[PDB]
Number of protein chains: 2
Amino acid sequence: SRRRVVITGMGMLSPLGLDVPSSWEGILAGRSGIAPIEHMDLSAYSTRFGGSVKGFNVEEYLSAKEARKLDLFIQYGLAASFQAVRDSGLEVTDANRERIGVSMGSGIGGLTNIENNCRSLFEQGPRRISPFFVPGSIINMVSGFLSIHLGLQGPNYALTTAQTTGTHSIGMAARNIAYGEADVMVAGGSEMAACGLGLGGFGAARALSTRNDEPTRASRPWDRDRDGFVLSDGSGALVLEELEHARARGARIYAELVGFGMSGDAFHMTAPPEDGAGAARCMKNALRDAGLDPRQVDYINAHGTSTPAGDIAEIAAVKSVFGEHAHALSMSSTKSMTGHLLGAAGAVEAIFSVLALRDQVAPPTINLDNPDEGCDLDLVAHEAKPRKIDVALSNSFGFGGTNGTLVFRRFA
Amino acid sequence: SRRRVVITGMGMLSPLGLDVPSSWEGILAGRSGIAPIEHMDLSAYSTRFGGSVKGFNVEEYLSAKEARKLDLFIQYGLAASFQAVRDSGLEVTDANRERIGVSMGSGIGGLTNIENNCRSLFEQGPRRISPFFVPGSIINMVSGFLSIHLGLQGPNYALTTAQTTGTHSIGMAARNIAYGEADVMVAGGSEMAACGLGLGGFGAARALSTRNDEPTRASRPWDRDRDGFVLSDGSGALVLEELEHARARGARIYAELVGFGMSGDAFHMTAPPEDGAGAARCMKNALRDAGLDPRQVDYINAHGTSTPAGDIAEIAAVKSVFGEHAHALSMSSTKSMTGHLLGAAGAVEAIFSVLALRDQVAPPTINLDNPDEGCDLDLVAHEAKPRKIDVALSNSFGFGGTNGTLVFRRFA
Ligand SMILES: CN(C)c1ccc(CNn2cnnc2)cc1
C-alpha cells in the first residue's frame with residue numbers, strides 16, 4: 001500500500017548560481033540570470049541572449065578526461081545529482097544500493113555534441129566522429145553515469161517530455177518509491193540547448209523573445225509587452241526518499257511530496273489551449289492525488305514561460321481550478337529571473353517550491369510592469385512576498401500538450 | 001492490491017515487414033531483414049548495411065504536409081501506434097478519453113532531421129532551419145501527435161533509456177494501468193538512426209558488425225564469429241488495457257502482462273558485467289513482481305545483440321537466475337533476423353514474446369552455426385521450435401547499465 005515520499009537533498013546549476021543556496025539568494029533578490037550569450041557568435045540569429053551557467057567547473061565533480069566525453073547537459077545533470085546526494089547525507093551500501101535509483105531527464109539532450117559531430121562528419125567524414133558520440137549525447141546517460149559513479153542499482157531510467165521533463169521525472173520517481181519499487185530516487189532534469197540548432201530552431205518557430213537590447217527585461221510572464229520565452233541552461237536534482245526510511249536514518253526532511261498529476265491537452269503540437277483546460281485537468285488530478293481541498297493551496301510556481309498564449313492559459317486554468325480561492329493564493333513565475341530551462345525547468349522550480357515552503361516566501365515574478373488583460377491574480381509582481389505557505393504547487397506544460405503538476409507540503 | 005493488465009492491440013514497422021503479421025511470418029521462417037543501406041553514400045563508413053524499413057507509406061497515416069513536419073522515427077512510432085489502436089478495436093469517447101494515455105519512446109530520436117537541419121545551418125545560417133525542427137525532432141512527439149490525433153487525455157510521456165526504451169515504456173505504461181492512473185495505454189518505441197550520425201557514431205565506437213560481404217550473416221548472437229550488433233529501424237506499439245475494461249467491451253486479449261523488472265548494473269557506460277549480475281537482478285525483480293518461480297518460465301526473448309560481451313553476460317545471467325531449469329526453457333535472439341532496433345527493440349520483441357505465447361512457438365536464433373564457449377543453453381538455433389509456452393520473458397540491457405524485463409503469461 002502507497003508509502004509517503006519526502007525530499008531529503010537538493011542540487012542545482014542555474015543562470016543564478018552553481019548551487020541551490022546561491023540560486024535561491026538570486027531568486028529572493030529579484031536578480032536576472034539573463035545576458036548576451038558569450039560561448040558562440042549569434043550575430044546572424046534573431047535572439048542572442050539567454051540564461052547561461054556562469055563559471056561551471058566540471059572538475060569539482062569529474063576528471064577532465066571523463067568530462068571531455070560528455071555533452072554539457074550530462075555534466076550539468078551529474079553536478080546537480082552529486083550535490084543532491086551529498087545534501088541528503090545518504091550513504092550508499094551493499095544493504096541499500098539495490099533500493100536507490102535515478103530518473104534524470106532532458107527535453108533535447110546532447111544537441112551541442114550532435115551538432116559538433118555533424119560538423120566533423122560533413123566537413124571531414126565519418127572517421128572524425130567521436131567514439132563517445134552515442135554515450136556522451138543520449139538522454140539516459142545522466143542516470144547511467146550517476147549510477148556508475150555512486151553504485152545505484154535501483155530503477156534506472158530517463159524521461160523526455162519536452163518542457164515538462166523535470167516535473168514528470170520527479171513525479172514518476174515518487175511513484176517508484178510510493179509503490180515499493182525503490183526507497184530512494186535521485187530525480188530531476190538537465191538541459192543545455194544553447195547551440196546553433198537550439199537557438200536557430202526555437203528562432204525559426206518565432207518562439208523566443210527578441211529583446212536583444214535589454215535581455216534582463218525579456219522574460220516578463222503575464223506582462224502585456226511579452227514576446228516569447230528566454231532559453232536557459234542548467235539542472236535540478238532532488239533526493240526523494242520513503243518517509244520511514246528517512247526517519248530511520250535521521251534525515252533532514254525539507255518537505256513532503258503529496259501529489260502528482262499528469263494530463264494531455266490533446267490540442268496542438270506546440271500551442272496550449274487558451275482556456276488552459278489540460279492544465280486544469282492536470283492540477284485537479286494532482287490535488288485529488290494529494291487528498292486536498294484546493295483552498296489549502298498557498299503558492300503556485302507557475303510554468304509562466306513569457307509566451308502570449310501560455311501565460312494566459314495558466315491564469316484561465318488556475319481560475320477554473322481554484323474559483324474565488326484563485327484570488328487568495330500567490331502565483332509567480334521564477335522564469336522571469338532564470339528564463340526557461342526546458343527539460344530542467346520543472347526540476348529547478350520543484351526546488352524553488354520546496355524552498356518557498358522552507359522559508360515561507362513567495363518568489364517574485366520580476367518585469368511584471370503592466371499585467372495583461374485578465375492577469376489580475378496575486379502574481380507577486382517585482383518583489384518577494386513573505387506569507388504562510390503550507391501547500392505549494394509546481395506546474396509544467398510542454399510540446400505535445402503534456403502537463404505535469406507536483407504538490408509539496410510542509411513536513412512536521 | 002493491483003489491477004491486471006492485458007495486451008489487446010499490437011502494431012509494428014520492422015526490417016521484416018510493414019505490420020505485425022508480415023514481420024512475425026518472417027521471424028518464424030528465419031528470414032533476415034538485413035541488407036546494404038540504399039540512397040546514402042556509405043563509401044567512407046566501415047559498416048554499409050543494416051535493417052531498413054522497406055516501402056513505408058506514411059500517407060496511409062498522415063497527410064504529406066503533416067508528415068513533412070516529422071522525423072522518420074516519429075512517423076514510424078505513429079504508424080505502429082495507429083496500427084495497435086486499430087487492432088485493439090477500442091472506441092475513444094468523451095466518457096473514457098481521460099483514461100487513455102501514451103508512452104512511446106526512442107533511444108536516439110531525430111538524428112535524420114538533426115543531420116538535414118545541420119546542413120541548412122552550416123550552408124545558409126540559422127534563418128533556413130525549419131520552423132518545425134524542434135517539435136518535429138523531440139522524442140515525446142509520438143506521444144504528443146498520437147494524443148492530439150486520437151483525443152487521448154490520459155498520462156502522456158516518453159521514456160528514453162537507449163536500447164532498453166521499448167521494454168521500460170511498456171512496463172511503466174503497465175504500472176499506470178495497474179495502479180489506477182489509466183485504463184488504457186499505447187506503449188512502445190521507435191527508432192531511425194540509419195543516418196551518417198548513427199552508422200558513423202556506433203562505427204566510431206567499433207560497436208557494429210563490419211561483415212559487409214554477407215549482411216544477412218552479420219547478426220549471429222552467441223556464435224563464436226560475431227563481431228557486434230546490426231543497426232535497424234522501425235517501431236512497436238502495444239495497447240495495454242485493464243482486464244475488466246477489456247472484458248466489458250469483448251476485446252480480443254492476446255496475453256497478460258504479469259511482471260516488470262528494472263535494475264541498474266552500475267558497472268560501465270556501454271559494456272555489461274561479464275557475469276550479467278544486473279540482468280540477473282532485473283529478471284529476479286520481474287519474476288518477484290509476477291509472483292512466479294524461475295521454474296515457471298518457458299521462453300526468453302533475449303536482448304541478444306551479437307556483441308561479444310553482451311551475449312555471454314545474458315547466458316551467465318540466465319544460468320544464475322534459472323539454475324536447474326536454465327536448459328529446459330528456450331531462449332532466442334530475434335535480433336539474428338531483425339538486427340538491433342535500439343529503442344524500438346524492446347517494443348518489437350515484446351510483440352514477438354506475445355506471439356510466441358499465441359502460436360506456442362520459440363522463434364529461432366539464425367546464424368548460430370558455432371555456439372561460443374559456455375553458450376550451451378537451448379538457443380533455438382536456425383529454425384523455429386513449437387513447444388509449450390505459458391510464461392515468456394523479454395529482456396533489454398542498454399547503455400548506462402539500464403536493464404528491463406517484461407513477463408507475459410498466456411490468458412484464458
Ligand atoms: C570541422 N570543420 C572543418 C569545420 C568546423 C567549424 C566550421 C565553422 N566554424 N569554424 C571554426 N573554426 N573555423 C571555422 C567550419 C568547418
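Below, each value reflects all heavy atoms present in this structure, side chains not excepted, and no hydrogens, waters or symmetry copies. Throughout, protein chains are lettered first and strands after them, A, B, ... in sequence-line order, and every chain is numbered starting at 1.
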* **Interchain contact, B:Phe267 with chain A, by part (heavy-atom threshold 4.5 Å)** => backbone

* Structure fact -> Okay, B:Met269 and chain A: the region with an atom under 4.5 Å from a heavy atom over there is both

* At their closest point, which heavy atom of A:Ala44 faces which heavy atom of B:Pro126, and how far apart are they? -> O-CG, 3.6 Å

* To do: Using heavy atoms and a sub-4.5 Å threshold, report which of residues 199-207 of chain A line up against chain B, by residue number.
  => A:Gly200, A:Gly201, A:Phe202, A:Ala204, A:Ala205

* To do: Taking atom CZ of A:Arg128 as the centre, report whether more than 12 heavy atoms of other residues, nucleotides or ligands fall under 6.0 Å from it.
  => no

* To do: Measure B:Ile100 against the heavy atoms of chain A and call it side chain, backbone, both or neither at under 4.5 Å.
  => neither

* When rounded to the nearest 0.5 angstrom, what distance separates CZ in A:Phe399 from CZ in B:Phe145? -> 15.5 Å

* Pairwise distance CE(B:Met172) to OG(A:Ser103) - rounded to 0.5 angstrom -> 7.0 Å

* Residue among B:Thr165, B:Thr160, B:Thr161 satisfying side chain to side chain contact (heavy atoms under 4.5 Å, CB included) with A:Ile139 -> B:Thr160

* Asked: What part of A:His268 gets closer than 4.5 Å to chain B, counting heavy atoms only: side chain, backbone, both or neither?
  -> backbone

* **Close side-chain approach of B:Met262 to A:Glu181, heavy-atom, < 4.5 Å** => no

* Structure fact -> Between A:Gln153 and B:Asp265, the two heavy atoms sitting closest are NE2-O, 3.8 Å

* Among A:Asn117, A:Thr270, A:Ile114, which residue forms the greatest number of heavy-atom pairs with chain B at distances under 4.5 Å? -> A:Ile114

* Select, from A:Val134, A:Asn403, A:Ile138, A:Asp289, the one with the greatest count of heavy-atom pairs under 4.5 Å involving chain B. => A:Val134

* Taking B:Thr402 for the side chain and A:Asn156 for the main chain, is one N or O donor matched with an acceptor at less than 3.5 Å? -> yes

* Structure fact -> Most contact-rich option vs chain B, by heavy-atom pairs under 4.5 angstrom, among A:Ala158, A:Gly151, A:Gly154, is A:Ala158

* To do: Go through A:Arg127 and B:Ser46 one step at a time and tell me if the side chain to side chain contact (heavy atoms under 4.5 Å, CB included) criterion holds.
  => CA-CA 9 Å; A:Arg127 295 145 176 128; B:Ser46 35; over 6 Å; no

* To do: Please look at A:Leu150 and chain B and tell me whether the side chain, the backbone, both or neither of the residue comes under 4.5 angstrom of a heavy atom of that chain.
  => neither

* Options B:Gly144, B:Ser143, B:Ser1, ranked by heavy-atom pairs under 4.5 Å with chain A, top entry -> B:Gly144

* From A:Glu115 atom CD to B:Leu121 atom CG, the distance as rounded to the nearest 0.5 Å -> 5.5 Å

* To do: Would you give the length of the straight line joining atom OG1 of B:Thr167 to atom OH of A:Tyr157, rounded to the nearest 0.5 angstrom?
  => 15.5 Å

* Approximate separation, where rounding is to 0.5 Å, of A:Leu197 CG and B:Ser130 OG -> 11.5 Å

* **Contact summary for A:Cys118 and B:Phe122, nearest pair of heavy atoms** => C-CE1, 4.0 Å

* Count the heavy-atom pairs under 4.5 Å between each of A:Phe133, A:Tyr179, A:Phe132 and chain B, then report the option with the highest count. => A:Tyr179

* **Top contributor to chain B interface from A:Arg281, A:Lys69, A:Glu98, A:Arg119 [non-hydrogen pairs under 4.5 Å]** => A:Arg119

* Looking only at heavy atoms, which two atoms of B:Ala162 and A:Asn140 are closest? And how far apart? -> CB-OD1, 3.6 Å

* Ignoring hydrogens and angles, tell me if any N or O in the side chain of B:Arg175 forms a donor-acceptor pair with the backbone of A:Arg175 under 3.5 Å. => no

